[PDB]
Amino acid sequence: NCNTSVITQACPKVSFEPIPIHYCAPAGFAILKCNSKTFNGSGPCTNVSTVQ
Amino acid sequence: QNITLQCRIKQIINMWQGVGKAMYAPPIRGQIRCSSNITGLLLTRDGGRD
Amino acid sequence: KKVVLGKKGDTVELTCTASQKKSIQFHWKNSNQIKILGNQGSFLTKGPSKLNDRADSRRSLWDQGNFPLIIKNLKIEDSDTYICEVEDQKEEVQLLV
Amino acid sequence: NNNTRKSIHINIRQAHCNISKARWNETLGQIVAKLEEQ
Amino acid sequence: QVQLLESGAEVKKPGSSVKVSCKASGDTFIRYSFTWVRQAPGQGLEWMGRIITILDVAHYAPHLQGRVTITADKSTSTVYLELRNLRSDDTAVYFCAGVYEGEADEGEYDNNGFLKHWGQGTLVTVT
Amino acid sequence: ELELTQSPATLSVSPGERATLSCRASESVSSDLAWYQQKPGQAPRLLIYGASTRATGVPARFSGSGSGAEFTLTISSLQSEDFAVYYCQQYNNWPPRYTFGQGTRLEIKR
Ligand SMILES: *[C@@H]1O[C@H](CO)[C@@H](O[C@@H]2O[C@H](CO)[C@@H](O[C@@H]3O[C@H](CO[C@H]4O[C@H](CO)[C@@H](O)[C@H](O)[C@@H]4O)[C@@H](O)[C@H](O[C@H]4O[C@H](CO)[C@@H](O)[C@H](O)[C@@H]4O[C@H]4O[C@H](CO)[C@@H](O)[C@H](O)[C@@H]4O[C@H]4O[C@H](CO)[C@@H](O)[C@H](O)[C@@H]4O)[C@@H]3O)[C@H](O)[C@H]2NC(C)=O)[C@H](O)[C@H]1NC(C)=O
Ligand SMILES: *[C@@H]1O[C@H](CO)[C@@H](O[C@@H]2O[C@H](CO)[C@@H](O[C@@H]3O[C@H](CO)[C@@H](O)[C@H](O)[C@@H]3O)[C@H](O)[C@H]2NC(C)=O)[C@H](O)[C@H]1NC(C)=O
Ligand SMILES: *[C@@H]1O[C@H](CO)[C@@H](O[C@@H]2O[C@H](CO)[C@@H](O[C@@H]3O[C@H](CO)[C@@H](O)[C@H](O)[C@@H]3O)[C@H](O)[C@H]2NC(C)=O)[C@H](O)[C@H]1NC(C)=O
Ligand SMILES: *[C@@H]1O[C@H](CO)[C@@H](O[C@@H]2O[C@H](CO)[C@@H](O)[C@H](O)[C@H]2NC(C)=O)[C@H](O)[C@H]1NC(C)=O
Ligand SMILES: *[C@@H]1O[C@H](CO)[C@@H](O[C@@H]2O[C@H](CO)[C@@H](O)[C@H](O)[C@H]2NC(C)=O)[C@H](O)[C@H]1NC(C)=O
Ligand SMILES: *[C@@H]1O[C@H](CO)[C@@H](O[C@@H]2O[C@H](CO)[C@@H](O)[C@H](O)[C@H]2NC(C)=O)[C@H](O)[C@H]1NC(C)=O
Ligand SMILES: *[C@@H]1O[C@H](CO)[C@@H](O[C@@H]2O[C@H](CO)[C@@H](O)[C@H](O)[C@H]2NC(C)=O)[C@H](O)[C@H]1NC(C)=O
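Just so you know, the protein sequences line up as chains P, Y, W, L, A and R, in that order. Numbering-wise, the entry's author numbering puts 216 at position 22 of the first sequence, and it's gapless, one number per residue. Numbering-wise, the entry's author numbering puts 427 at position 16 of the second sequence, and it's gapless, one number per residue. Numbering-wise, the entry's author numbering puts 62 at position 62 of the third sequence, and it's gapless, one number per residue. Numbering-wise, the fourth sequence is residues 300 to 309, 325 to 352 according to the entry's author numbering. Numbering-wise, the fifth sequence is residues 1 to 52, 52A, 53 to 82, 82A to 82C, 83 to 100, 100A to 100K, 101 to 112 according to the entry's author numbering. Numbering-wise, the sixth sequence is residues 1 to 95, 95A to 95B, 96 to 108 according to the entry's author numbering.
Listed below in structure tokens is the structure:
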């Protein structure tokens, strides 16, 4: 037995323009970055650097 | 020398965040500009025994 | 192989199952590996097959791990083996119209 | 603006996008060249 | 674009239910929204509620929802106004009205409330 | 929700006179106030779509405007066929809480 849930909400217009967001590691963690050119998404990188 | 795409602005859309639909209010009055950079494409391959 | 029966002019529902109920990506393919249907995010995509204008799916059940292929207006020509691609799982069903 | 029609019979939703033709065909030529490697 | 055809008059003992129908013709029902108006004698145009046929949703005047529901039967292009627990207070002439919405099927629905297409008016009373 | 009221209860005019009808909105409705014409035994047919667009089929005699708490409807060269009750309707509600005013009746001066 399936049914739906409907919510009626106010409909204001807002300005909408995506801002770059950076992710940063929590204490105890680090991010390894693959610096190989043309990495292709999987497998080994032979040039690895560490960033927060 | 300009490829022009025809576009429409819609109010009833499907949601990318989950199964369901949502209705949005009618469009704002005018001069709406969206200048942007194409930085990549998402393609799928149509193969098969044929 | 599962076998499902029907006749010309009928509608049949063939299914794939994901026990985790997470509305995961899945695909349906015919015996020639032609994509019929699939889940892109929350959207239903119809592939370039003979069922392109007849295949459907109940999106509301994707949350239950139920990913049906619904073929409307069956013809004898539709009696193929349909393949589920769910994660690693490869269920196969023969439809006999 | 100057797109104020609301109905055809009983245009506010009409919009369009421009792509430089020469950039797009060049872009695809490079993509195609890479697809050909596979 | 369309004409709306309504059911006839009815009388019920208070507490009974009454269902009023409004059939649309000349366009696709799904394409646009319908509303109901209650012309009680001596009164103005009390709003009953609104139903959207592209999305099966409805809204009701805030004092009436305990008694009234609206159903859009897409297969018969007919909207039904159901009055539960009918009171003598609800004696009125009821009618539907339609509002054209653009290409609702394509998701270009306007959500207009301006009433252009009207029904005839059916008196509902109690006994 | 928003209450709409008519200024005159009725307005007595002569044919050929310009009718001047008005409606007040207690919650400052914005360009969401429509006008309707109801004749006895008839549906209250739309005259003005939104605050100022006459609906298709509406005679050029009918026009109006307004904003916020106050809106008007006028009928140039009023004809005998226009002695109807005019209604004020508001749409600035979401969730919908649409309302109508009481209706202003034109009277034929006699
Ligand atoms: C990829 O990245 C690119 C950028 O690198 C992204 O591109 C950006 O996309 C944005 C999409 O919104 C676009 O934003 C618009 O810019 C317009 C122009 O900005 C210039 O003027 C303002 C004035 O203060 C300056 O601050 C600014 O620095 C620039 O100089 C703005 O005008 C737009 O705002 C208006 O529309 C939004 C709609 O949500 C409203 O919320 C907002 O309040 C504004 O509304 C006015 O205009 C509407 C038009 O119908 C009126 O209805 C409304 O009442 C307001 O109108 C009054 O004010 C105007 C002001 O001139 C007046 O003329 C009118 O008569 C009224 O008084 C909005 O800000 C970015 O500019 C754009 N960037 C670039 C560089 O192009 C891109 O999208 C990214 N890709 C993706 C996919 O996201
Ligand atoms: C492995 O990946 C790293 C990360 O990209 C490569 O190092 C980077 O090399 C470039 C070019 O030599 C450096 O750019 C230069 O930086 C100086 C900084 O002031 C700037 O003045 C120059 O104009 C130029 O931008 C880059 O900084 C450097 N990055 C780091 C983190 O050191 C590295 O060469 C790669 N190794 C191999 C074997 O490919
Ligand atoms: C492809 O599309 C682009 C983007 O619309 C076209 O460029 C645009 O060409 C018009 C031609 O009049 C430019 O308008 C002029 O702008 C100057 C700026 O001050 C103004 O002074 C003039 O009176 C006039 O308005 C427009 O600005 C220009 N757009 C940009 C971003 O530069 C381009 O021509 C199109 N190509 C083809 C082949 O049609
Ligand atoms: C590019 O992607 C391919 C796979 O899509 C990676 O291929 C692997 O290469 C290593 C090299 O010894 C093999 O051992 C693996 O078996 C390969 N994977 C597969 C699936 O065959 C390739 O290394 C990638 N290029 C990179 C990371 O630079
Ligand atoms: C689209 O690509 C162009 C070209 O790379 C970007 O414009 C450049 O952005 C860098 C950022 O520091 C500036 O230094 C250059 O001067 C910009 N070039 C020009 C011609 O202005 C542009 O910002 C990109 N747009 C988006 C949305 O990313
Ligand atoms: C998109 O490109 C088209 C290319 O035709 C632009 O339309 C032309 O604009 C020029 C400007 O002087 C006119 O002279 C041409 O006659 C227009 N062509 C046509 C077929 O109308 C269009 O304006 C561009 N749009 C945007 C958003 O930049
Ligand atoms: C999209 O708009 C941008 C500007 O917002 C166009 O780029 C400009 O084109 C003019 C043409 O005379 C150049 O003078 C500017 O220097 C260009 N600006 C930048 C940042 O490069 C761009 O060509 C437009 N794209 C299309 C497809 O019309």
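Positions of the beta carbon are idealized from the N, C-alpha and C atoms, including for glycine.
Residue side-chain check: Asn448(Y) places its Cβ nearer than 7 Å to a non-hydrogen atom of ligand 5. With fewer than three CB-CB distances shorter than 8 Å, the stretch 54-65 of chain A does not count as touching the stretch 344-352 of chain L. Here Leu95(W) has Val4, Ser79 as same chain residues with Cβ atoms under 6 Å from its own Cβ, once five neighbours each way along the sequence are excluded.
Between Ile424(Y) and chain P, the shortest Cβ-Cβ separation is not below 8 Å. Fully contained in the stretch 17-77 of chain W are the following beta strand (DSSP E) runs of length 3 or more, in chain order: 26-29, 35-40, 43-46, 66-71.
Of the candidates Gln25(W), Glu13(W), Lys1(W), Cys84(W), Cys84(W) places its Cα closest to the Cα of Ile34(W). Approximately 13 Å separates the beta-carbon atoms of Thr107(A) and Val78(A); this is outside 8 Å, ruling out the contact.
Taking 8 Å as the upper bound for CB-CB distance, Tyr36(R) and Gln89(R) are in contact here, some 6 Å apart. Using a CB distance cut-off of 8 Å, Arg419(Y) counts as an interface residue toward chain A. The straight-line gap separating the alpha-carbon atoms of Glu105(R) and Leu45(A) is approximately 20 Å. At least one CB atom of chain A sits nearer than 8 Å to the CB of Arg45(R). Around the beta-carbon of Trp338(L), fewer than 16 other beta-carbon atoms lie within 10 Å, marking it exposed. In this structure, DSSP gives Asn339(L) a helical state, which the three-state scheme calls helix.
Chain-ordered, the chain W residues with CB closer than 7 Å to the CB of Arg460(Y) read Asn32, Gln33. Within the stretch 203-226 of chain P, the residues whose Cβ lies closer than 9 Å to any Cβ of chain R are, in chain order, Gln203, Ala204, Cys205.
Taking a 10 Å sphere around the C-beta of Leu452(Y), we find fewer than 16 other C-beta atoms and assign the residue as exposed. Each of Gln64(W), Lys46(W), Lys50(W), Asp63(W) was checked against the Cα of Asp56(W), and the nearest Cα belongs to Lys46(W). Interface annotation, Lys335(L): not in contact with chain A, CB-CB separation never under 8 Å. Under the Cβ criterion (8 Å, minimum of three pairs), the stretch 52-65 of chain R does not count as touching the stretch 8-15 of chain R.
In the displayed model, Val109(A) falls within a strand according to three-state DSSP. If you compare the alpha carbons of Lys348(L), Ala329(L), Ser306(L), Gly343(L) with that of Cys418(Y), the shortest gap goes to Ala329(L).
Take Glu13(W), set aside five residues on each side of it, and the residues of its chain with a beta-carbon closer than 6 Å to its own are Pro68, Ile70, in chain order.
By the beta-carbon neighbour count (other beta carbons within 10 angstroms, threshold 16), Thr35(A) is buried. Using a Cβ-Cβ cut-off of 8 Å, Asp63(W) counts as an interface residue toward chain Y, since at least one Cβ of chain Y sits closer than that to its own. In the structure shown, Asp100A(A) adopts helical secondary structure according to DSSP, grouped into three states.
For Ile53(A), the neighbours in chain Y by C-beta distance under 8 Å run, in chain order, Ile423.
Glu77(W) is classed as exposed because its beta carbon has fewer than 16 other beta carbons within 10 Å across all chains shown.
Rounded to whole angstroms, the gap between the alpha carbons of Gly41(W) and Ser199(P) is 20 Å. Residue-level contact by beta carbon holds for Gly98(A) and chain L, with a gap shorter than 8 Å. At a Cβ-Cβ threshold of 8 Å, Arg327(L) and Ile423(Y) do not count as neighbours. The Cβ of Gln3(A) sits no closer than 8 Å to any Cβ of chain L. With the criterion CB distance below 6 Å from any heavy atom of ligand 6, the matching residues run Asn413(Y), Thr415(Y), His330(L), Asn332(L) along the chain. Here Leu46(R) is bridged, per DSSP, to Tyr36(R).
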